[PDB]
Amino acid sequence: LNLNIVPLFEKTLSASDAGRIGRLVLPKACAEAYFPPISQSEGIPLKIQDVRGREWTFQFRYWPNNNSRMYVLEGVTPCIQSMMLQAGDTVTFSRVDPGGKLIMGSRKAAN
């Protein structure tokens, strides 16, 4: 056995995503591409560690938006600014295979 980290996708935080309300809008291509598929209104909870083993629990959810859905991680506020990261910076999602483990990272703006 030998494991490998695979990057899945990335999101740069909007002002809305960052803090306050507590939800992060996931790019919908990426959300269904790499995260679990859900049809249920309020979808599954997701559990994801960072590189230091710090576990986080979000609710992975949709909103019907017109014809199609809008994807969110709810319950993000501790993670964002327990990792002390504000708006316009980027949060990253990767995966450990085999086993499909979700791990997240975070890069601050280029300047």
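All residue numbers refer to positions in the sequence shown, first residue = 1. Think of the rigid core as the biggest set of C-alphas that the two forms share within 1.5 Å after superposition.
With every structure aligned by its rigid core, 17 to 25 is the stretch of 17 to 25 and 88 to 96 whose CA positions lie farther away in 4 other deposited structures of this protein. For the pair 27 to 35 and 40 to 48, the mean Cα B-factor is higher in 40 to 48. The mean Cα B-factor in the deposited entry runs higher for 84 to 92 than for the other of 84 to 92 and 99 to 107. Among all modelled residues in its chain, residue 78 ranks in the middle third by Cα B-factor.
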